[PDB]
């Protein structure tokens, strides 16, 4: 889908740690032949968990399960959470 925005484009304006987690997933997915959006959703969900460990609110878990393969949907759904957790 090469004219589509990639997860890295979707988080162009996100906090640095979000950009880092998404960049790593997108790089690895390309190398290993895995699904980029799915890996990026997993990496960002994990980053949120790591930042909170430092309990996952049920809403964030729910938005993960509702958007497992849809990066833009996952990021948009959790954008307010991300803005708070990463301030």
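Numbering follows the first chain given and starts at 1.
- In the deposited sequence, the stretch from residue 54 to residue 55 hides 1 to 3 residues that have no coordinates.
- Averaged over Cα atoms, the B-factor as recorded in the entry is higher for 61 to 69 than for the other of 61 to 69 and 15 to 23.
- Among the modelled residues of the chain, residue 30 sits in the highest third by CA temperature factor in this PDB entry.
- The entry lists a Cα temperature factor for residue 40 that places it in the lowest third of the chain's modelled residues.
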